[PDB]
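Peer 1: can't give you the sequence, but here's the structure:
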Ligand SMILES: Cc1ncc(C[n+]2csc(CCOP(=O)(O)OP(=O)(O)O)c2C)c(N)n1
Ligand SMILES: O=C(O)c1cc(O)c2ccccc2c1O
Ligand SMILES: O=C(O)c1cc(O)c2ccccc2c1O
Ligand SMILES: [Cl-]
Ligand SMILES: [Mg+2]
């Protein structure tokens, strides 16, 4: 059929545009481009990943995109796919992840009597349809240009080539119920759009006592490298002057440089809201955040005058040392192993070149409390909406894409490690992400570390964790589950081991099966007291 | 003086209880703490039964089960962000099955939308046209002078949510998105500084009383014309059609005692069809409903009427019948029904290997009156209809809305909990009625996390899940090889009793008194299924 | 002071700090708090307020006020059909990238679904047509949170302005700013003045968004035989000024080598440089649909047009090498002379007066510094056919969707905003002229735009030339102008130039009878003469 | 092909009680069938230049005697111009059928209308012309039922 020629042209243009991975699920109707994707997979031009669970498939695609920075397609095949992909599409929108959602509508069928929800109108960068492929035998040159131009538009919108705001894209290729026209020479994309430079310099005086708060999506800024910096784990670091998050309330910054989108630490929110502290927002795309409407100016880079006062740098470094010491000393003086102990052990075990995947809740916070040095490390976390859903498949896709990048450099060395640190509720939410068929790509160096305190530890640290709610907070916030994690991994044929926090390090230096789950049992009944002891030791 | 979030949550929870809500599913979060606190106290005082789950998606199907088990509206309460998005699949199913599901989502204040605030998304309107209504409560204001007026607006909006979900005025029940923006303080103030919840109407009545509506649309039908009835999901009960030959899907309520096997329909020539509810299961029904020659009369309980037939001469709610079926027609239909039943019975016995059709037949023969049968929406529902189950006296549930694989375990669990709950309230000292679920291995593995019930949460008292495990176009490469998951290992991970048994023991094991919740795994073969179905067709 | 007044006054002050000089208001009870704060700023001279009855025509007035000088413009109306009436102007503002802020007053969202009067689903009505749908939080009685509410109110307003002006996206367009308002809606007694919570010092906006630059350079070899096609929204490119250029009347001209659109089908360029969004000429669309000629697309916003399928590359500027071959330049110049002569000679030979004659007369009478406003259908085409030289004059047309809606109000708004910027340079010269060319059908359809209350600002030098070919109704144009008390005259095409040379008598309508029965024969003579 | 689609739908609308149709001049077949039906006296056609006024004319034609009325959009400014009339018809429960034709937008349609039904492309194939007849008339009957509130009591 002429629609097969269409599918082969689109898959080819997608591959020319940098797509190396596509996720599919089996469905009622044939997947969009399902056979052209089958052809491309057997040739090794693209790599296919199949899953039954459409929600975990969406989050696998997110992992495959953030693992190495490439656009990733997901092929919708059912009337439950839109609903199940919603979570991943929302996360793609807010974390600016280039996610292409492929659909195949049927224009000859009656409508008003793909099960559509309301989020496509709000979450996607673009919604493009290809139009019905006809058998026009002479217009093949024109239809090739039309299909490839539309595919280049889909890729440009998903990667933010013109907007500098990557995100999810809905790509519809309509199908009527049932020799490839060539592309540009040298495998180039049909419509070349050079990745745009989006520039907006801001004047900032660094002699004013300044702290840098960098969050998810922050850029790298060499002219700010000397400033004291509270950097979230997923922020790429510019300098060598880290400021511990717990030291921040011991200081009085006179101005704040906010890089990207911060979401962690109530002390950071308090400082960003303080109407007496000017906040300069520096972002990489057009979006910029505002805490209590306190943002004074926006920009993409700083034009700096002056330099930080040496006494200011000394004050920040002193408060930083007190914070590091309090955390280390109170961890040692605490008998029960908690999630914070696990995060410190994981943090000490990382090596340059590693990839770190962090779940929401305490893990992404605990790693910052443990003072992880992220330089040389690639840190991922679904900070767009901070969901605890889909983190297992995100780590798997990230491990697969990160390994594929290393394999393509032809290095004879072993694939770099991907270490994931997630909580137990996070693991239970997306345990079905462990179900990978033998026919499907499986990571070769993925270790999932599950810090298991049989519930949600973070709620012990919030207002609902105050002792006056002790008789009611167990069911509705603690949420104990008593799941046998080792038996769960066994059911899915995944290597699993329960180890103690002191064994965690050594067990991680040892290579193992391509995919394994290390579970560390932790306590959350003493979490609130441990954090109070840290604050008192500051 | 209670803080505004606490006052609003307690009023809303109280009005939901007054509206018939007996069960609430809660998923943990911080932003929904006001709702969580108010719900925990209502559960402590016995006004509702709270079910806590970790995975919002399967929690939504738990709520569907809790609603179809006894017909009541059910709320599911979750925090802001992707937690709300995870309710999508259950919302879609609740829409098409007309299930009164209330998605009670906490939110950040709407003014934070667009600011980059953590865990904030376009929640209101997320579900689009799938919901019967998207209703937002206002952000609660600290205005003790306006407390009485705010009580009236909060309770009135809650009643509109309930009415829209139950179809109290539209006769078209379905899901409703109830979004509640909430700001700090989120936890109740110290009880020294305490106050009473702004009161509702006296005598536990709803703020706005909507008497359940009667929706009537009479239709004239002459039964002297050779007529077959095809009843699907949502079909009504029609005593004046009880004598007609009736092809009834397992979930359809039976109007009479004149069944007609689905395999018999293509071998007969009805001159007119009466279609009840939303029938989608059988292919010859779909083939015959596509026949432009046969006049089709559609009778629905609500204003939605199915589009399966293109020659629907008329659509109503009841039949005003004239005439009577010619006795030779009834004899021909009855004769062909017995012929179909015998062909299935013989070919099943003549088939050597145990198949899913054999497990479905064994479960059918083990059912007694008063049982609840929950069927996976894929093969189980078709196999039970092929094995000719008599559904009179048993309640049959199936997520026939979109017939997805998601949430079948949680639906079975929820249906069992609501079914047993209604039996308690009868005060009967009789033991809790049995719920039997029949699902395939791939469905069981997909929603195995639906088995996760926390140690403090309600567990069904008499639920048995029978898993027919047969270990099962480039997307279909995943089925060529077996998934290879151990059902027993999955049940141990979720601390669920499981046994691997054979089809001949299935009957007796099901007769054993209920050990709470258990999984009975019966191995089967799919390789020979194509030959078994071919043998049945040739025997007709 | 009631919170709905303090909220309205903070928003208006921040809008003013953000460059809003003109606001269009429609009467209603729900937008009363905005109306009072807007009348206050109009009294003190901070903005110029314009009141209209019809909200649809009010939207096109704000579009004219926006395109006349390039500033963001708000339109404030009441709840109900008023917002739905802004639909047509929001669609036009979207596709033409016009910074139009729709400031809608609404009953509290809690009243949605309760059967309240004049209450509808307003938030999200415009859907995908707006760059942002932002809502302010319902003003609460909390003086202890006044400073907090100030910051959030002024940050939201700055976010509204940035989205409308494309300050960080380079994609200007309409924004929905919905304000839920409850009673009391009028200002309480304000003896000895009330303190509005202040903005930043020195009139600076709350959040400072410095100028942004989107850069996407493309390598283009000018030695290849190149034609430039510039449409609506095109930027200015010095390094392309030597190339043959087919420029729509609204396109800013970068050079001095014009190529008539009629000459383009006489040429075979080897590559095309396309600027902005060209939609006007059929030979342009034919060339762009030729998948054998490579097209380079140079745009100012991230939106790049799709009229071409052989789009090789899209960017913002060209890095050029080489120079156009002299034989290519000579051939294009010769084809251009062919086209211009064919149009001029055949117009001079035609015995009747057609719309093409009216358009050519209006072109001849234009002087540098003039503003020309064109009805987006036939007038834009006829002026392009007549060969109008647009250098030194600012040409405006609702080229977004090219509807007949609101052309009169757009010309009125463009004239006012254009004259206002001429008063801003302190120059003692008389107000520069605004000449509008519209067809009779367009004029009757938007004749209600002529309704301007005695107190509202009236243009000082606006002349609307109506080309009346009785269809493009039997309505009397002069009778329409008398109902609205606007000066009108029926004149001949020979009298057009001299009558336009008279100093502007405020607002006047010049009606020129034209024939359309002989049009097809005039066009055939032009095509045959090429 | 598409011409036959237009005749069947027009005929079914008249069978459903539509006695008046408002259309506005524009580019966007169906106008031909309505023209045949007007020349034959089965339906009364009303033409207006202003699309907003056309919507309010149709509202009047519907509330004048209680019948369903159709309005035929034909341009890219039609959806926005019919907005005010559609909102009025929503809240006043007026049976207003809005006829469009896309080639295989604002957010108000998703909030204001009782239903949104697309007929589907007309495939040249007289082997199933009887089934295409039933599918078109069935969907047209669904549109009339949704507009008049025949099953919901909510015109
Ligand atoms: C999809 C989703 N549902 C609910 C939440 C609310 N939430 C935030 S943290 C948390 C607990 C997570 O527990 P766990 O993974 O065990 O981590 P811990 O904090 O105990 O280390 C929950 C439910 C969320 N972020 N995302
Ligand atoms: O900088 C980023 O990466 C970023 C990402 C986002 O999704 C935002 C959403 C709203 C507001 C600001 C945002 C932002 O600054
Ligand atoms: O009775 C009616 O005619 C009527 C009509 C409407 O459009 C309503 C809209 C919202 C709420 C109540 C409504 C109502 O009672
Ligand atoms: Cl040439
Ligand atoms: Mg935990």
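Peer 2: Sure thing, it's come through. Numbering: from 1, shown residues only, chains lettered A, B, ... in the order given. Ligands and ions are numbered 1, 2, ... in the order given.
Peer 1: going by C-alpha atoms from here, please, whenever you check contacts or count neighbours.
Peer 2: OK.
Peer 1: helix/strand/coil for the closest residue to residue A:376 other than its chain neighbours?
Peer 2: Excluding the flanking residues, the one nearest residue A:376 by Cα to Cα, 6 or more residues apart in numbering or on different chains is residue A:352, at 4.7 Å. Secondary structure, DSSP: H, G, I helix; E, B strand; the rest coil: residue A:352 is coil.
Peer 1: residue A:352 and residue B:348, how far apart?
Peer 2: 63 Å (Cα to Cα, to the nearest Å).
Peer 1: of those two, who's got more company?
Peer 2: residue B:348 (21 against 13; other Cα atoms under 10 Å in any protein chain shown).
Peer 1: in contact with that one, which residues?
Peer 2: B:357, B:358, B:532 (Cα atoms under 8 Å, 6 or more residues apart in numbering or on different chains).
Peer 1: between those residues, which sits nearest ligand 4?
Peer 2: residue B:532 (73.7 Å; Cα to the ion).
Peer 1: so what's the closest one up against?
Peer 2: B:347, B:348, B:351.
Peer 1: surely residue A:303 is within a strand?
Peer 2: Yes. Membership of residue A:303 in a strand is supported by three-state DSSP.
Peer 1: in the sheet, who's paired with it?
Peer 2: residue A:203 (DSSP bridges).
Peer 1: then residue A:378?
Peer 2: Note on residue A:378: beta-bridge partners residue A:355, judged by DSSP bridges.
Peer 1: what does chain A put close to ligand 1?
Peer 2: Residues of chain A found near ligand 1 (Cα under 6 Å from any ligand atom) are A:339, A:361-363, A:386-389, A:423-426, A:455-458.
Peer 1: and those, which of them are in strands?
Peer 2: Members of the residues of chain A next to ligand 1 lying in strands (criterion: DSSP state E): residue A:423.
Peer 1: just the residues of chain A next to ligand 1: which are in helices?
Peer 2: Residues from those lying in helices, with DSSP state H as the criterion: A:339, A:362, A:363, A:424, A:425, A:426.
Peer 1: just to revisit the earlier point, which member of the contacts of residue B:532 is positioned nearest chain C?
Peer 2: residue B:348 (57.3 Å; Cα to the nearest Cα).
Peer 1: ok, then the element right after the strand or helix carrying residue A:157?
Peer 2: For residue A:157, the host element (DSSP states H and E) is helix A:140-159. Moving toward the C-terminus from helix A:140-159, the first helix or strand encountered (DSSP H and E) is strand A:169-172.
Peer 1: in the sheet, who's paired with residue A:282?
Peer 2: On the basis of DSSP bridges, residue A:282 is bridged to residue A:259, residue A:299.
Peer 1: quick one: the helix or strand in which residue A:280 is found to chain centroid distance?
Peer 2: Assigning secondary structure by DSSP H and E places residue A:280 in strand A:279-282. The chain centre lies 23 Å from the centre of strand A:279-282; the measure is Cα atoms, centre = their mean, to the nearest Å.
Peer 1: right, is it up against ligand 2?
Peer 2: No. Strand A:279-282 lies apart from ligand 2 when judged by Cα under 6 Å from any ligand atom; the minimum separation is 7.9 Å.
Peer 1: all helices of the stretch 351-500 of chain A, in order?
Peer 2: Along the stretch 351-500 of chain A, the segments classed as helices by DSSP state H, counting those that start in this stretch run A:362-369, A:391-408, A:424-429, A:473, A:485-491.
Peer 1: could I get the ones you listed as JSON lines with distance to ligand 5?
Peer 2: Formatted as JSON lines, the helices of the stretch 351-500 of chain A follow (distance: least, Cα to the ion, whole Å):
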{"stretch": "helix A:362-369", "distance to ligand 5": "8"}
{"stretch": "helix A:391-408", "distance to ligand 5": "14"}
{"stretch": "helix A:424-429", "distance to ligand 5": "5"}
{"stretch": "helix A:473", "distance to ligand 5": "14"}
{"stretch": "helix A:485-491", "distance to ligand 5": "13"}
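Peer 1: which SS state does the residue in the stretch 101-250 of chain A that ligand 5 sits nearest to fall under?
Peer 2: In the stretch 101-250 of chain A, the residue that lies nearest ligand 5 is residue A:233 (19.3 Å; Cα to the ion). Following three-state DSSP, the label given to residue A:233 is coil.
Peer 1: residue A:517 - that's part of a helix, no?
Peer 2: No. Secondary structure assignment (three-state DSSP) places residue A:517 in strand, not in a helix.
Peer 1: show me which residues of chain A sit near ligand 2.
Peer 2: So chain A meets ligand 2 at A:94, A:95, A:216, A:217, A:260, A:261, A:283, A:287, A:288, A:289 (Cα under 6 Å from any ligand atom).
Peer 1: for chain D, see how far away the last one is.
Peer 2: Just to be clear, that refers to residue A:289. Distance of residue A:289 to chain D, given as Cα to the nearest Cα, to the nearest Å: 27 Å.
Peer 1: so that residue sits in a helix?
Peer 2: No. With three-state DSSP as the criterion, residue A:289 is assigned coil and is not in a helix.
Peer 1: could the helices of the stretch 351-500 of chain A go into JSON lines alongside distance to ligand 3?
Peer 2: Shown next, in JSON lines, are the helices of the stretch 351-500 of chain A (distance: least, Cα to the nearest ligand atom, whole Å):
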{"stretch": "helix A:362-369", "distance to ligand 3": "46"}
{"stretch": "helix A:391-408", "distance to ligand 3": "43"}
{"stretch": "helix A:424-429", "distance to ligand 3": "41"}
{"stretch": "helix A:473", "distance to ligand 3": "40"}
{"stretch": "helix A:485-491", "distance to ligand 3": "51"}
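Peer 1: what sits closest to whichever residue of the stretch 101-250 of chain A sits closest to chain B if chain neighbours are left out?
Peer 2: Proximity of the stretch 101-250 of chain A to chain B (Cα to the nearest Cα) peaks at residue A:118, 4.0 Å away. In space, and not counting its chain neighbours, residue A:118 is closest to residue B:128: 4.0 Å by Cα to Cα, 6+ apart.
Peer 1: show me the contacts for that neighbour.
Peer 2: Here residue B:128 is in contact with A:116, A:117, A:118, A:119 (Cα under 8 Å, 6+ apart).
Peer 1: what do you get if the cut-off is 10 Å, keeping everything else the same?
Peer 2: A:116, A:117, A:118, A:119, A:120, A:121, B:134, B:177, D:110, D:111 (Cα atoms under 10 Å, 6 or more residues apart in numbering or on different chains).
Peer 1: quick check: phi and psi on the third one?
Peer 2: Main-chain torsions, residue A:118, degrees, to the nearest 10: phi -100, psi 0.
Peer 1: which SS state does residue A:64 fall under?
Peer 2: helix.
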